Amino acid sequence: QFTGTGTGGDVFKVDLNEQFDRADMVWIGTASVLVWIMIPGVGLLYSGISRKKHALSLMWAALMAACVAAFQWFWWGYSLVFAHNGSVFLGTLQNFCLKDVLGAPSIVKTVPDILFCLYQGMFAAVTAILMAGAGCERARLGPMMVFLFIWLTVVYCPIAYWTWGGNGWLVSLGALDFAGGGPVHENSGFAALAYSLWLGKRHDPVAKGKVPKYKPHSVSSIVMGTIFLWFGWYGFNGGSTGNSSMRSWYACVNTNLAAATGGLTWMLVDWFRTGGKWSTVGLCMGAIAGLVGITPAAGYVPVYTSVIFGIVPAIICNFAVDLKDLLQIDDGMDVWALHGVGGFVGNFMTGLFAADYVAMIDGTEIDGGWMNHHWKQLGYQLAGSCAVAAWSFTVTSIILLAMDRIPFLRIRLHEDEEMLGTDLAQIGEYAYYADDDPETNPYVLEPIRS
């Protein structure tokens, strides 16, 4: 018999696959593979956009993040989000090292635990490289890897549990978050802001007003990142139905249209604000703003409203990027502006435009948003957004400051203890610091103490 718990049954006695539609499984398997390539997509995007020379290559750091996140997820991340037996705030260690993760129907009943594990693990990894990218400036790699492991454990996993978990309190409340805009984008964005405000370079010369808003390290990297992100986002959003229904393809149409209108909107805004220039970076940032914006909404809103999920996040995020000038901080702030602000805005607008008849395309039951005169929905969205932002900002701050107090865990060295790469390159043991060309340097040019 099928037990519905643990491994789901004895494989020598039952065929666990009989519980699931095979095409549902194939689409979520494919969607998993698509989300995986978003991981280097993030790295390429933020490597390319940077107005500063990062010692750590974020294209490469994306592979590091893929490794650390996969291990964390296996170790206990999956279990802390999707153990079928948690509180309303967190799971348990019931599935430590993926013990008994096999063929029981997952919280998404149309796929087995092992496949939901594969799929959702990719979301954790995308969030990991968002966070690594946000905090990469003058990062020490050892501490960064420890930080990512800890951060996934006590920031990502709780927020993911609230959003996706069987007893997650946001689920119970009635908040909507179609493809995990909260755990991935809003979360990483406000964690990025914690990094900016505590560890980021202040009075940063690249952020002092009379300097260009856009000054990319590599436009080709921006474009390649945006390509991988848009391509992969079809799995990110399209797979968030958990099935092969046409709500999946509907979500993909919304995804494409939000990206498209976001890109054009941001570029048009830049055109107006610059007095007629065509912004290469702006088009890409706008596509990302729309992809982020539509993430909580893609399987819930009517197709024609998806254009609003491009336009409004593009406009608001474009102006949010200007805050870097007020603060005179660059580090971490792009991730905050696109993912934190974009995620907040998209989540809010999901309360306005969610429609029960869109969810019903595959039989999913929701009360809907303002499209259905369900006025309360907007309050549920705000509650989710504020909770995510509060937890992510506060707990990320605590982790960063706690690690800072520990010499061998300090992620970013204090400027009074930091050795100059110019001077390191003169010391014999550190002569390899003379090659700050990450295209040929075999070693990360890690900050060194005195």
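Residue indices: 1-based, along the sequence shown.
Do the C-alpha atoms of 404-412 or of 58-66 have the higher average B factor in the entry?
Result of the comparison: 404-412.
Taking the mean of the C-alpha B-factors per stretch from the entry, tell me the winner out of 357-365 and 204-212.
Result of the comparison: 204-212.
Which has the highest CA B-factor per the PDB entry: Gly181, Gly174, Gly239, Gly340?
Among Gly181, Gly174, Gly239, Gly340, the PDB entry lists the largest C-alpha B-factor for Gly174.
Among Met131, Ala160, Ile107, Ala125, where is the Cα temperature factor highest, going by the PDB entry?
If I rank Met131, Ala160, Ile107, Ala125 by C-alpha B-factor, first place goes to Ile107.
Ranking the modelled residues of this chain by C-alpha B-factor as given in the entry, is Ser385 in the lowest, middle or highest third?
Highest third, going by the recorded CA B-factors of the chain.
Mind checking which third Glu186 falls in for C-alpha B-factor across the chain?
Middle third.
Lowest, middle or highest third: which one holds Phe74 when the chain's residues are ordered by CA B-factor from the entry?
CA B-factor rank for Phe74: lowest third.
Would you mind checking where the Cα B-factor of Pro112 ranks among the modelled residues of its chain, as the lowest, middle or highest third?
Answer is middle: the recorded C-alpha B-factor places it there.
Among the chain's modelled residues, which third holds the C-alpha B-factor of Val253?
Lowest third, going by the recorded CA B-factors of the chain.
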